[PDB]
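Engineer: Give me a model of this one.
(chains A, B, C, D and E, ligands or ions: 3)
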Amino acid sequence: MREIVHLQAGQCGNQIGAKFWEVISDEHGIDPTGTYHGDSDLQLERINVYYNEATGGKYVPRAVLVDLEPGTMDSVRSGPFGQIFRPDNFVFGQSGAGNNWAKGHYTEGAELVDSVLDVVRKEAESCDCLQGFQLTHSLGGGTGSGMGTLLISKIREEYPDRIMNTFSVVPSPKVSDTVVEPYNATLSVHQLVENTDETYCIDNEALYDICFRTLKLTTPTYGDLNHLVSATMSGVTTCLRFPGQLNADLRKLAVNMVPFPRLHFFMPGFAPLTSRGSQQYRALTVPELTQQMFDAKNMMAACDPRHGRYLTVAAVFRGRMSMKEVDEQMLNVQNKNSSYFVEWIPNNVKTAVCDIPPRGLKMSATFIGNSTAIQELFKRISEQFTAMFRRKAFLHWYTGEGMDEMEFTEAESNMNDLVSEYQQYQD
Amino acid sequence: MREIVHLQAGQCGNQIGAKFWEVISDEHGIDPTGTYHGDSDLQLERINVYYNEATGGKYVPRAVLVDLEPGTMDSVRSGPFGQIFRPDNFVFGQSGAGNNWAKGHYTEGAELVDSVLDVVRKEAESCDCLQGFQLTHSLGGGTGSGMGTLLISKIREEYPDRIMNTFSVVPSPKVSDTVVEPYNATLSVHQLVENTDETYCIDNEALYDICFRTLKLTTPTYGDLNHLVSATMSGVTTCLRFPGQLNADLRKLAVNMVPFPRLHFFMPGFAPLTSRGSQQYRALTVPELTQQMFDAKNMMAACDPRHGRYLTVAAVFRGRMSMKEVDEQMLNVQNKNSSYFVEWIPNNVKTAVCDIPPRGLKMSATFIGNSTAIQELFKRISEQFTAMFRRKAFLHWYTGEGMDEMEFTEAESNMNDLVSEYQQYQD
Amino acid sequence: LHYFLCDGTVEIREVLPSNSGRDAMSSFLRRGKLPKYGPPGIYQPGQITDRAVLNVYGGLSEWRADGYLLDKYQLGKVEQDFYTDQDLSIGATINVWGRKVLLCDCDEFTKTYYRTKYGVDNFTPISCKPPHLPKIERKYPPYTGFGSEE
Amino acid sequence: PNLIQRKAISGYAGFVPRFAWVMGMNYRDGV
Amino acid sequence: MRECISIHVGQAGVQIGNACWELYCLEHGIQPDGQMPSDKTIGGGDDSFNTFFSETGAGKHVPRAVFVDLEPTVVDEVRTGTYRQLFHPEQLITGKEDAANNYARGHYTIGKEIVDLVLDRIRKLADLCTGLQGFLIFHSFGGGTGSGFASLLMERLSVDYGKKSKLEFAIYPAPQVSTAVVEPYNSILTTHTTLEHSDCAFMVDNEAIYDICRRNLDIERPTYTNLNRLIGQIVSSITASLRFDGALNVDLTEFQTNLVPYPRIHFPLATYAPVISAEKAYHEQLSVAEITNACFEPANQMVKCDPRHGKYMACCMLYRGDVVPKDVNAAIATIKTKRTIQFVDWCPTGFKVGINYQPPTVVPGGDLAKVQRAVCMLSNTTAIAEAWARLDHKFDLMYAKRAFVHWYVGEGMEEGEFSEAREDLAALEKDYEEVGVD
Ligand SMILES: Nc1nc2c(ncn2[C@@H]2O[C@H](COP(=O)(O)OP(=O)(O)OP(=O)(O)O)[C@@H](O)[C@H]2O)c(=O)[nH]1
Ligand SMILES: Nc1nc2c(ncn2[C@@H]2O[C@H](COP(=O)(O)OP(=O)(O)OP(=O)(O)O)[C@@H](O)[C@H]2O)c(=O)[nH]1
Ligand SMILES: Nc1nc2c(ncn2[C@@H]2O[C@H](COP(=O)(O)OP(=O)(O)OP(=O)(O)O)[C@@H](O)[C@H]2O)c(=O)[nH]1
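Structural biologist: Numbers count the residues shown, from 1 in each chain, chains lettered A, B, ... in the order given. Ligands and ions are numbered 1, 2, ... in the order given. This is the structure:
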C-alpha cells in the first residue's frame, strides 16, 4: 500500500509540523499520550498512509525533524505532542546557522546529510511503498532553504519515482526582516525549480489580512496562523485518507494540474472563513460556499490573480454534497468569468468531492490554484536582486565560504527565463 | 550427558565470570544463597549441562577460578554470588605478576600448572561426558595470556577430541595501557592460532561507543559493561540449554562456520539494543530486529567490516518466531548486498531459532560473524611489534627470564603468514 | 509543579537522576494553562479568542490598522474551565493533559500561603517513593565440632 | 568586620598589621 | 601476601617519614595509644594494616619500618612525640656520631659496625612477612648521613636479596641552591654507586614544591609540615593501590616492568595534579579533563625541566577517586592528538593508568583541598640530562682545583673513585641523547 513520509525543516518547518501534526492527532482523536481513543472506524482504516504502529496502541509519526538550535527542538519536544515525537527522529547540529544559506548548503550540511539520509532510509525501509514525500520549510528561511535544497537534491537520485511535495512559505513582500533573504531565496529557487515537482506558496500578510478580514480578532498567535495553513494541508491530504468517490492521488491531482514541466508553483484556497456572529448567521449552502470559495478576499496565497489570468484550477469539496450542485456551480462560475480563463484550454476546473466532513463542520472544501499571478512575485524579487547585486552588498561572507558571483548569474538568468516562461504562455 | 566446564582466567575474566555466572543465576531463578526457587521446568531440566547438584538444592557451578592476586579474588568472593563459588575451585599463587607474559608462562606457571590440572581432572571425573571447555580471559592480559597459553596447550593433548572454546578481549587500538602488551599479545596469539578452535574477539572502544549510542547513560560501570557482553555468550549457550527446533552443538555450528582450519577469530553480534524511551517507542517486529541486527553501529567486536567482506555469518534467534519471516529476511538481505559477500560461497547464512525468550524480553537474537575485517587488527599490531622490535625496547626483562628474540621471529612470521592467508582468501 | 500567581499558569519539570536513561530536557511542560479535564476537542481555531469586535470600517481607506467597532453582548464564549488555585491540597486527582496524577508534598511557602488563603493548617508529608526491603542476614553451615568449636 | 574581617579576600593587596611576629601558617588562620 | 618494608636514612629522611605514619594512621583511624575503639579489627594482624602495620596479638599497630640515623637529637625528639608508643624502640636505629656530610665516613668509618644490627632488624622483619614485594627507601642525595649510610646498606641488601624490588625516594639537589658545596661530591658518589644496583629511584625538588605553595595553595610562609604533608600524600597515593582496590589494580612490579626502558636509567618524575586550596575547591569544580591538563602543564612538575627541551618516554597516572574510563580514555585520546606533547616515536603507547575508587582524604590541621578525583602522574623524559649536565660543569670546576680533597684523603680515601664517577656520569649523558636521538 502507498504511504507518505514527512520532512520538517527550518525553524518554520519546526513551527508547522507541530501544528500540522497535532491537528491530525486531534482529527483522529489520539490523546497526547498516544493511546488511541477508538471512535471512528474510517479514521481507523487509513492511519498507515502517514503513521506507523508502536506497541501499546501507539501511532508513531513518520516524520523526520532537523534543525540546529536545540531550544527550538526543546520547545518542540516539550509541547503537547513531543512525546509522540521520537528522539530517534531528532537529528540536529552543534553549530548556529547564522541564518546563512551557504553555511546550511555547504558547510554544516556536509556532516549532517549523512545522518538524515540514514534516518530517512531507515524510515523508508520501515514502510513498504510510498506516494512520495512532503517538506515543510521556507524558501526565505536560511536553515530551511539550506538543508532543503540539499535534501531535495539528494532525495531525487535515490527515489526519482515518487512525490517531491514541497511546502514553503513566501517571505514578507514589504519587509523581509532578514536583509540577505532575497539572496537566500534566489539561490534556492534555482535548485527548487530543478528538483521539485509541486510547490506550495504561502504568505503571511495574506494571512494577516485574513486575520483582519474574517478572523476579526486583532491579536492572534503565529500558531493560530499555523492552524489556518495546517487545515489547508490537512484538507489536501484528507483526500487520500477518506472514502467517497473522489480521486485522491497527488499524481492524479498533479497530472490534471500541470500541462508543462516548469509549472510547480501553485496557490491554495480554503473553505468557510467565519466570523463571530456569522457561525449562527450562515446557511451553509454550496452556492454561498462557492461564492466564498472564489473570493479574491478569501484568497491567502500571494496577491490577487485579478492582475493576470487562470491557467488551471482544482477544488476538493469535503462533506455531504452531491455531483449536481458542484456541477452547476462550475456551470455558474464558468459563465461568470469565461474570458478570465485562457482560450488555450477550456473546462479547466478539476473537482473532487470528499463525503467525510471535518470534526466540527459539515460542508467544507479546499482549493488549489495555478493562475498567472506569480510574475509579480519573482518580478518583485528581481528588482531586489538586481539592485543589491548591482553593488554586491553583504557579499564578503559568501566569498569567505567559497561561493562566487558567477552562481548568482545563472540563478537570475534561470529566473528571468521563468519570467518569459510565465509571460510568454499567457501573454 | 553432554556438559561444559568453564575456566576463569586472567584478572579481566575475574570480572567477566563474576557477571557471567550471576547472569546465569538470575535467568534460572536461583537466590544468592543458592536455594533454587522452582519456577520453570525447562531451566530446571537443562541446568545440569553446566551445574552439578550438591546437598540441599544447591547447584555448584562447574568452573575453576585461577589468579595470583588474592584481593581481586577477595572482591569476587565477597561479591553477591561468591558463596556459590567453591573455595575448592579457588586456585592461585604466592607471587605478583609484574604484568609479565614470560613469568606466568615459564616461571609462575610451572608450580601452578600441576595443581590446576588436578582440579580440572577432578572436575572432569565429576562429570560424565563433556562437549568441551570454554575460557574467559584476555589476549593482552598479563597473567591471563600467561596462564591461558600454558593451559590451552596442556588441555590439547589430554582431551584432543572436545571443544576448546576461547573467549578473549582485544585491547583498545588507540591505547593499550600496558605498553609491552603488543609483546604480550603477539606472544599469546602465536600459540593461540596453534591450539584453539573457536575464539571471540571483543574490543571495549566499540563497546564504549555503544554506551554513547544506545545506552546513552554517560557514565557506566565496567560491570554493566560486563552486563553487555555477559548477554552475548549467554545467548549462544541458550541454544545449548534450551529446547526448540534449532540445533545446539557448537560442532553443528563450528563446521558451519569454519571453511579452513586457520579460521578461529570470530566476532559477536547482538539483537535489539534499546535506549531511553525506545522501549515504548519500538514495535517489536522481525524486520526491524533484522535491520538493527545487521547494523555496523550494532557491531561491537572490533571495527566496521564495511572495509572488507563477509565469509560466514550466523545469527541465532531467541523468542517466539517462525521459519518464514527469518527465511524472507535472509532473502531480503541476500538481494540487498549480494556483491558484499564473497562469490566463493553463496548462501553463506546459518540461522537457528530458539523458542524460549529471555527473562524480561521476548524478541531477541545473537550473531556470530567471520567476516574479512580482522585484517586491520593485526596490521595494527604488525607495525606496533616491528617498531618496538626495531630497537628491541623493554627486552631486558624477558632475557632475564630466559626469553630470546628468536621466539619473536616466528611469532610475527606466523602472524605475517596469517596476514596474507586472510588477505589471499578474500583478496 | 510551578503555579504562577501573576498569570494563573502552571509549569512542570522533571527530577530524573544520574543513569536514569532519560534525556537532559527539564521542562516537561509549557508554562501555559492546564484544562480541567483531558484533551479538549479543538474548538476550530479561528474563533478561540476573548474579545468580540463587531465591524471594521477601516478597509474603506488607510489611516490606522483599521477601525474596531466592538460589541455589547459577547456571545460565542465557549466554556474552558482551567486548573486554578482552588484545588490545591496534599492528596488529589489531576489529569494533566491525559496524566492521571496525585499530590503528596509542598515546598515552603504553600504552608503559609494555604493558611492565609482559606484557613487550612494540616500539612503532612506523604511518601511517593517506593518502599524499600532489607537484605535480611546471613546464616552459617551446620557444624559437627570436629576439633575446636571456633 | 563590615563584610568579612575574619578572612580578608586572599591576594589582599592592602596591608594588615601583625605582618611580623607570629607567622608560619596560611592566610585565613593568621588573620 | 601484599606487603613491603620501609627504610629511612639520615635525619633529613626522618621527619618526612614521621608525617607519613601520622598521615597513614589518619586514614586508618589509628589512635595514638596504639589500638582501635571497641570496633573489631584486631586479630592475627590481617586487615588494612597487614600491608602497613603489624597489629599482632598484643593489638598494637606496629609500622613495618626502620628509622636509621646517626645523630640522636631528632630521633630522640620524635621518640618524645605523640605516636612514640607505636614505634619500635630499636627499629629507631640511632647513632652517637655523624658522617660530617662525608660520603665515605658514613660509608666506611661508622657504617660497618651499625649495618650488622640493622641486618638483624631486616631479617627478623623478613621472617615475619610473607609477600615482601620490596622496600621503600626515603633518603637524599645531599645527605650528610643519608648519602653515605644508605649506600652501604643498599649494597648489602642487594647481594643477599636480589629477587625483590628496591624503591628509592630522595630529594634531588637544588639546581641553583646549594646549602653545602661538598654536595656535588657525595651526590655523584651516590649516583655512580647506585646506577648498577638501584631498581627505581624517584626524585623531587623543594624549590618547585615551595613554588606551588604560593602559586595555587597561596601560602607564602608554609613549613616542612606542609611539604612533608605533600610528599606524604604522594607516597600515600602510590600506596593506595596496596590498601584499597579499583577498576584495575596495579603493583610496583608493574611500575618497574612498565616504566624503565633499559638498564641504568630508572629515574622518572612524579606529579600530583589536584594541588589546590580549600576555598579554590570550594567554589570551583574538578574533573578529569582540567586535572589532566593540569598534570601535564610544564610549571606543575617539581623538577626544573622543560619537556619541550626533551621528549616523552613513559607516563604513569594513578586516577584515585570517583571516575569512569569514558572521559578518561577520551581525555587521554585528546592528549595523544596534541602536537605540543612530544613523545618519542619509539613508543606509540606510553600511558600506565591506575583507577582507585577511594576518594583521597584531607588531614586535620592540614591545608589541602577536598579532592574527589586525584592523580599521581609518573613520567620519564629526556629533558632530565640537563640536571646532571648542571652537576658536571659544577663538579669539573672544583675537581680541577681539587677543593676539600684534604678532608676526604685525610680520612683514608683516594682519587680513582672520584675519577670513575665522571665518566660514569659522562656515560649517563651520552646514553641520554643516544636514546634521545631517534
Ligand atoms: N517559529 C517561527 N518562525 C517564523 C515566524 N514568523 C516567521 N517565521 C519564519 O520562518 C522562517 C523559516 O525558518 P527556518 O528555515 O528554520 O530559518 P533559519 O534557516 O533557521 O534562519 P532564519 O530564516 O534567518 O531565521 C524564518 O526565516 C522566519 O522568517 C514565527 O512567528 N515563528
Ligand atoms: N578485570 C578487568 N580487566 C580489565 C579491565 N579493563 C581492562 N582490563 C584488561 O584485561 C586484561 C586481562 O586481565 P588479566 O589477564 O587477568 O591480567 P594479568 O595477567 O593478571 O596481568 P595484567 O594484564 O597486567 O593486569 C588486563 O590486562 C587489563 O588490561 C577492567 O575493567 N576489569
Ligand atoms: N629530607 C629532608 N631534607 C631536608 C629537610 N629540611 C631541609 N632539608 C635538606 O636536606 C638536606 C639534609 O642533608 P644532610 O644534612 O646531609 O642530612 P644527613 O646526612 O642525614 O646528616 P646531617 O648533616 O647531620 O643532617 C639539607 O641540605 C637540606 O637542604 C627535611 O625535613 N627533610
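Engineer: thought residue A:92 was touching residue A:71?
Structural biologist: No: applying C-beta atoms under 8 Å, one finds residue A:92 not in contact with residue A:71, separated by 10.9 Å. All C-beta spots, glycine's among them, are computed from the backbone N, C-alpha and C.
Engineer: So these two - more neighbours on which side?
Structural biologist: Shown here are residue A:92 and residue A:71; by other C-beta atoms under 10 Å in any protein chain shown, residue A:92 has more neighbours (15 against 8).
Engineer: What residues does the stretch 51-200 of chain E have near chain C?
Structural biologist: Residues of the stretch 51-200 of chain E lying near chain C by C-beta under 8 Å from any C-beta of the partner chain: none.
Engineer: In space, what's closest to whichever residue of the stretch 101-250 of chain E sits closest to ligand 3 - neighbours in sequence excluded?
Structural biologist: Ligand 3 sits closest to residue E:144 of the stretch 101-250 of chain E, with a gap of 2.1 Å, by C-beta to the nearest ligand atom. Using C-beta to C-beta, 6 or more residues apart in numbering or on different chains and skipping the chain neighbours, the partner closest in space to residue E:144 is residue E:101 (4.2 Å).
Engineer: check contacts around the one you found.
Structural biologist: Going by C-beta atoms under 8 Å, 6 or more residues apart in numbering or on different chains, residue E:101 touches E:144, E:180, E:182, E:183, E:186.
Engineer: By neighbours, which of those residues wins?
Structural biologist: Taking other C-beta under 10 Å as the neighbour criterion, residue E:186 ranks highest of those with 29 neighbours.
Engineer: right, and that one touches residue E:149 too?
Structural biologist: No: assessed by C-beta under 8 Å, residue E:186 is found out of contact with residue E:149, at 11.1 Å.
Engineer: Could I get the full set of helices for the stretch 251-400 of chain E?
Structural biologist: Ranges of helices in the stretch 251-400 of chain E, per DSSP state H, counting those that start in this stretch, are E:252-259, E:278-282, E:288-295, E:325-337, E:385-400.
Engineer: Next, the buried residues of the second one.
Structural biologist: The one in question is helix E:278-282. Within helix E:278-282, the residues that qualify as buried are E:278, E:281, counting by 16 or more other C-beta atoms under 10 Å in any protein chain shown.
Engineer: got the CA positions of that helix in CSV?
Structural biologist: Only the C-alpha atoms of helix E:278-282 are listed here, as CSV (Å, rounded to 0.1, in the frame of the first residue of the first chain):
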residue,chain,number,x,y,z
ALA,E,278,40.3,24.6,50.1
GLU,E,279,38.4,27.7,49.0
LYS,E,280,39.5,27.2,45.4
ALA,E,281,38.0,23.7,45.5
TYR,E,282,35.0,25.3,47.4
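Engineer: and that helix, what does it pack onto?
Structural biologist: For helix E:278-282, not one helix or strand is in contact under the criterion 3 or more C-beta pairs under 8 Å, 6 or more residues apart in numbering or on different chains; DSSP states H and E.
Engineer: neighbouring contacts of it?
Structural biologist: For helix E:278-282, contacts defined as C-beta under 8 Å, 6+ apart pick out D:10, E:216, E:218, E:274, E:367, E:368, E:369, E:370, E:371.
Engineer: Also stretch A:44-64?
Structural biologist: Counting by C-beta under 8 Å, 6+ apart, A:1-8, A:17, A:21, A:24, A:28, A:30, A:34-36, A:38, A:84-86, A:89, A:91, A:116, A:119-120, A:123, A:126-127, A:237, A:240-242, B:280-284 sit against stretch A:44-64.
Engineer: What's the separation between the residue nearest the centre of chain C and ligand 2?
Structural biologist: Nearest to the mean C-alpha position of chain C, by C-alpha atoms, centre = their mean, lies residue C:1 at 5.0 Å. Separation of residue C:1 from ligand 2 (C-beta to the nearest ligand atom, to the nearest Å) stands at 43 Å.
Engineer: so that residue touches residue C:11, yeah?
Structural biologist: Yes: taking contacts as C-beta under 8 Å, residue C:1 lies within contact range of residue C:11: 7.1 Å.
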